[PDB]
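> below you'll find the sequence and an experimental structure to go with it.
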Amino acid sequence: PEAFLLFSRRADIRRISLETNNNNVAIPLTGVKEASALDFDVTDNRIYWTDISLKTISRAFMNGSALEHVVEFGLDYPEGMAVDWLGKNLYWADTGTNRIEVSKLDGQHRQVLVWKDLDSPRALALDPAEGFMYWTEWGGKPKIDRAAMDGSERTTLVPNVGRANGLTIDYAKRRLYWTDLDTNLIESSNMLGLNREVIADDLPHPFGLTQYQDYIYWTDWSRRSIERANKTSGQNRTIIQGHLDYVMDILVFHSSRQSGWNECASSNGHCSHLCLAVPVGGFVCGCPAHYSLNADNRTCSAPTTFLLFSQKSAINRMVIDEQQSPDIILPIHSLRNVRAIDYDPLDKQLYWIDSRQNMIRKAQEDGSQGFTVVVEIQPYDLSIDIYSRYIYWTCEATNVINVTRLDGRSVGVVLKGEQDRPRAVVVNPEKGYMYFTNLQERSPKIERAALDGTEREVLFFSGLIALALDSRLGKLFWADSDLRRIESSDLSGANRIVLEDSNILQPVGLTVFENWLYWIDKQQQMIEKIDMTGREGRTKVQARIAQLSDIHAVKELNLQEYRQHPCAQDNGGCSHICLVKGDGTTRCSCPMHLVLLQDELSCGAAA
Amino acid sequence: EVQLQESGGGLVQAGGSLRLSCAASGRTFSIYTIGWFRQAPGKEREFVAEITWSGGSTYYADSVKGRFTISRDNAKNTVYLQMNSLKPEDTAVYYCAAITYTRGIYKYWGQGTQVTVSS
Ligand SMILES: *[C@@H]1O[C@H](CO)[C@@H](O[C@@H]2O[C@H](CO)[C@@H](O[C@@H]3O[C@H](CO)[C@@H](O)[C@H](O[C@H]4O[C@H](CO)[C@@H](O)[C@H](O)[C@@H]4O)[C@@H]3O)[C@H](O)[C@H]2NC(C)=O)[C@H](O)[C@H]1NC(C)=O
Ligand SMILES: *[C@@H]1O[C@H](CO)[C@@H](O[C@@H]2O[C@H](CO)[C@@H](O[C@@H]3O[C@H](CO)[C@@H](O)[C@H](O)[C@@H]3O)[C@H](O)[C@H]2NC(C)=O)[C@H](O)[C@H]1NC(C)=O
Ligand SMILES: *[C@@H]1O[C@H](CO)[C@@H](O[C@@H]2O[C@H](CO)[C@@H](O[C@@H]3O[C@H](CO)[C@@H](O)[C@H](O)[C@@H]3O)[C@H](O)[C@H]2NC(C)=O)[C@H](O)[C@H]1NC(C)=O
Ligand SMILES: *[C@@H]1O[C@H](CO)[C@@H](O[C@@H]2O[C@H](CO)[C@@H](O[C@@H]3O[C@H](CO)[C@@H](O)[C@H](O)[C@@H]3O)[C@H](O)[C@H]2NC(C)=O)[C@H](O)[C@H]1NC(C)=O
Ligand SMILES: *[C@@H]1O[C@H](CO)[C@@H](O)[C@H](O)[C@H]1NC(C)=O
Ligand SMILES: [Ca+2]
């Protein structure tokens, strides 16, 4: 078990034997572009590295096998990364998003630990045996901060230093080592930022840093070298290898570097998701992003109410809490030209339209269970009947309101007609109605019809691309891009009141979150909201978000109130379409290619 | 990513002086060094001088050593090249170049400024 050095340079993570020389070759990796930060798990014999050109964090065994991209979403510049080898967690710092995030070595249960008051955090060093994490911030007045490995107890450890890199922990002597890139020095301190000593003051430009036994190894971008020296006096310097320009990270791969123990290593602290280390040598259970910790301090609960705004290449989730949690990009693959989204709160599964692939797809929030429900046919918008478990959606090609089941089997075409172009759709199954836009040439309109295409009337005629609906407020909302404004009305058609119409360029989406009206401006790249109770007024939620496509609010499904709808219990006995009448009973109906039968429930052909 | 904007420079008599400026915008916290290059109408790119982003280290080529003085502003994100004892051999287009700790060798370039020395 011979100790050796490992360093990243361009697209090569390479190995340099310390004692004598052997295996001075690169680690056989396939798709590396710009390797940066490095760490390892010595018992699993695996290496972990980041990539800026790819915006990824990958892991692979020492022989290049089992190369997998652990983190591949929501990364901008992961210049720092470290491995919790006891709790088996992966920490990293991003200077583009300015946040320190944690997950597992597998990659699941990604959580943001620090996100406030961060100014470009880069170097990262962990100490799970004591429950502390240390990092360096390169922003205005750079500094070195310490926090508990769950994000709490964050203080400033070194305030006077310059831009620090190569933060390395000597666990035996209990000391910190780092390099000052502005004064071009190598310094050390104790675990509290005190007893500060200057290890080396005459080096050209030390950059990366690591420590092993009584020796300190550093890189030099001026001399383009890897050197080592006595960690105490700073002398007995030898050049390990030269002609190495722009070596990003460097470290010693040896078991003695990863010792210690906490409860997370023994039993994962009996936590459901994350086990994070805290002082002193203790632990607390952590949850995925947007998840909350239950009363047992062990299990995590997914968020029940939230927002979902999707752009051309991503689908994101917003959460409103007092701590102002950051938005999360849902790790769903094969997202090309997204145009609409919806969500089923019963099975808790997300649905969306993909225009490029030209299909409607569903998947869980973590990305699992990818299922294609319909696949020429150009779907435009969609809306879910969560009671009949149906999806109503318009087609841009056939110009038709078509309805399909969640399992993919079509119930049939509900609306069709010449000189008709139905685009946006929203369903109100509590009242058995559906509202949609009809963009006829030189004649737009907003129409309502029953969930079977009958009782088709015209609601809004003159003065005019997305509809929102709220039954609690009894209000219908829409937004026009030509006139560039947003309007509201009642479900019956009365009180057509114009909302805030100024400072709007190109509205695309609308939803109702509690007593608020969220809408997205695509060209202005904004997510805003209007207070529905008329108290706080117009407010900007987020600015400069490109390629926006849709937004969808999600309230928690009260299953007690859900089971009360007669359309939900075996579809009210109706094959196909169940309709709710004024009195509250049900009445069956069917698409245009079928006809109701004697039992007033089933349907079929005719002759 | 970093964007550089060169400014200053023009028609200057022989034996005079002229101060060049280079404004860095973007991820300037990640800047390692800033180097000045120049392109003559005949010769190709020539390396002139470099300075670390903290101003602690500096390097001048022997072609301009003793005359030119590369520096960084005391606050702003700009670097200056003070050119003294100008010769007709210095007539060229001067380029600012940034090398960052992130992305490493990837050089972010500016558009450069034209400098002419008449005699
Ligand atoms: C509303 O949405 C539903 C989707 O849920 C959609 O139903 C689909 O209709 C298409 C046809 O329009 C079906 O595709 C057919 O499948 C049958 C087997 O079931 C095939 O025999 C058919 O073969 C034809 O096409 C061939 C070319 O590939 C020809 O060579 C051949 O001669 C046949 O003409 C055809 O492939 C599809 O199976 C259904 N899907 C479901 C789930 O039922 C419906 O059409 C939509 N309504 C409108 C108006 O668009
Ligand atoms: C060379 O590459 C091979 C890739 O197959 C490496 O083999 C792998 O070694 C790891 C070592 O931890 C094995 O992980 C273990 O898996 C078992 C389940 O089989 C699990 O119970 C343990 O806790 C541990 O995680 C992994 O299974 C194994 N894969 C195989 C054999 O297919 C090998 O380690 C590499 N060689 C070196 C020197 O790194
Ligand atoms: C690391 O470097 C140091 C010096 O750079 C090496 O120390 C060398 O060893 C000799 C013999 O022990 C030292 O002699 C000293 O003499 C002074 C009086 O002059 C005395 O007070 C000391 O107690 C000591 O005996 C000396 O420090 C130095 N030799 C010379 C010629 O300077 C050390 O050996 C190096 N470490 C390794 C592992 O090589
Ligand atoms: C699950 O973990 C939470 C912490 O996140 C535990 O809450 C803790 O509850 C106790 C009381 O049950 C708190 O003790 C308090 O001490 C202060 C003095 O500091 C006193 O003024 C209070 O009246 C109270 O006695 C304790 O502070 C609190 N923890 C934190 C961090 O605030 C909870 O008890 C855990 N669940 C179980 C079942 O133990
Ligand atoms: C490093 O320097 C200290 C200073 O006294 C000395 O005691 C120690 O033996 C040196 N170790 C090596 C490996 O040179
Ligand atoms: Ca909608």
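Perfect, I can see it now. Residues are numbered from 1 along each chain as shown, chains lettered A, B, ... in the order given. Ligands and ions are numbered 1, 2, ... in the order given.
> ok, which stretches of the stretch 501-607 of chain A are strands?
Applying DSSP state E, counting those that start in this stretch to the stretch 501-607 of chain A gives strands spanning A:507-512, A:516-521, A:526-531, A:539-543, A:548-554, A:577-580, A:586-589, A:595-596, A:603-604.
> now do the stretch 301-450 of chain A
Using DSSP E, counting those that start in this stretch, strands in the stretch 301-450 of chain A cover A:306-311, A:315-318, A:328-329, A:338-344, A:349-354, A:359-363, A:371-374, A:379-385, A:390-395, A:400-405, A:410-416, A:422-428, A:433-440, A:443-450.
> next, the contact list for residue A:576, please.
Residue A:576 makes contact with A:411, A:412, A:588, A:589, A:590, A:591, A:594, A:603, according to C-beta atoms under 8 Å, 6 or more residues apart in numbering or on different chains. The C-beta positions use only the backbone N, C-alpha and C, and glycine is treated the same way.
> if we ignore the residues flanking it in sequence, what's nearest it?
Closest residue in space to residue A:576, ignoring its immediate chain neighbours: residue A:590 at 4.7 Å, by C-beta to C-beta, 6 or more residues apart in numbering or on different chains.
> write a ChimeraX command that selects only the buried members of the contacts of residue A:576.
Only the buried members of the contacts of residue A:576 end up in this ChimeraX selection, burial being decided by 16 or more other C-beta atoms under 10 Å in any protein chain shown:
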select /A:411,412,588,589,590,591,594,603
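> quick check: phi and psi on whatever residue of the stretch 51-200 of chain A ends up closest to ligand 1?
Taking C-beta to the nearest ligand atom, ligand 1 has its nearest neighbour within the stretch 51-200 of chain A at residue A:73, 30.6 Å off. Main-chain torsions, residue A:73, degrees, to the nearest 10: phi -130, psi 150.
> gap between residue A:419 and residue A:461?
For residue A:419, the distance to residue A:461 equals 16 Å [C-beta to C-beta, to the nearest Å].
> repeat that for residue A:341.
29 Å.
> of those two, who's got more company?
residue A:341 (20 against 11; other C-beta atoms under 10 Å in any protein chain shown).
> report the closest residue of the stretch 351-500 of chain A relative to ligand 3.
residue A:366 (53.8 Å).
> list the contacts of that residue.
Neighbour list for residue A:366: A:108, A:330, A:331 [criterion: C-beta under 8 Å, 6+ apart].
> OK, now which residue of chain B is nearest to ligand 5?
Per C-beta to the nearest ligand atom, residue B:56 is where chain B lies closest to ligand 5, at 27.5 Å.
> I should have written chain A there, sorry.
residue A:230 (3.8 Å).
> specify the beta-bridge partners of that residue.
Per DSSP bridges, the residues bridged to residue A:230 are residue A:215.
> what sits against it?
By C-beta under 8 Å, 6+ apart, the residues touching residue A:230 are A:214, A:215, A:216, A:236.
> kindly report the same for residue A:221.
Applying C-beta under 8 Å, 6+ apart to residue A:221 gives the contacts A:205, A:207, A:245, A:246, A:247, B:32.
> thinking again about what came up before, and the contacts of residue A:366, which is closest to chain B?
Minimum distance to chain B across the contacts of residue A:366 is 24.2 Å, recorded for residue A:331 (C-beta to the nearest C-beta).
> residues near that closest one, how many?
19.
> that one is in contact with residue A:367, isn't it?
Yes - using C-beta atoms under 8 Å, residue A:331 makes contact with residue A:367 at a distance of 4.7 Å.
> each with direction, which strands does the helix or strand that contains residue B:117 pair with?
Using DSSP states H and E, the element containing residue B:117 is strand B:113-118. If you go by DSSP bridges, strand B:113-118 pairs up with strand B:11-13 (parallel), strand B:92-100 (antiparallel).
> deepest in the core, which of those strands is it.
Comparing these by mean neighbour count (mean count of other C-beta atoms under 10 Å in any protein chain shown), strand B:92-100 ranks first with a mean of 22.
> who touches that one?
Against strand B:92-100 from outside (C-beta under 8 Å, 6+ apart): B:2, B:4-6, B:9, B:20, B:22, B:24, B:27, B:30-41, B:43, B:45-46, B:48, B:79, B:81, B:105-115.
> re the thing from before, looking at it, the residue of the stretch 51-200 of chain A closest to ligand 1 is touching residue A:329, isn't it?
Yes - using C-beta under 8 Å, residue A:73 makes contact with residue A:329 at a distance of 5.1 Å.
> what's the burial count for whichever residue of the stretch 451-600 of chain A sits closest to chain B?
Closest residue of the stretch 451-600 of chain A to chain B, C-beta to the nearest C-beta: residue A:544 (15.4 Å). Neighbour count for residue A:544, taken as other C-beta under 10 Å: 7.
> spit out the contact partners of it.
Residue A:544 makes contacts with A:525, A:526, as judged by C-beta under 8 Å, 6+ apart.
> and for residue A:15?
A:4, A:5, A:6, A:23, A:24, A:25, A:26, A:27, A:253.
> going by distance to residue A:87, which of those wins?
Using C-beta to C-beta, residue A:253 comes nearest to residue A:87 of those, at 20.0 Å.
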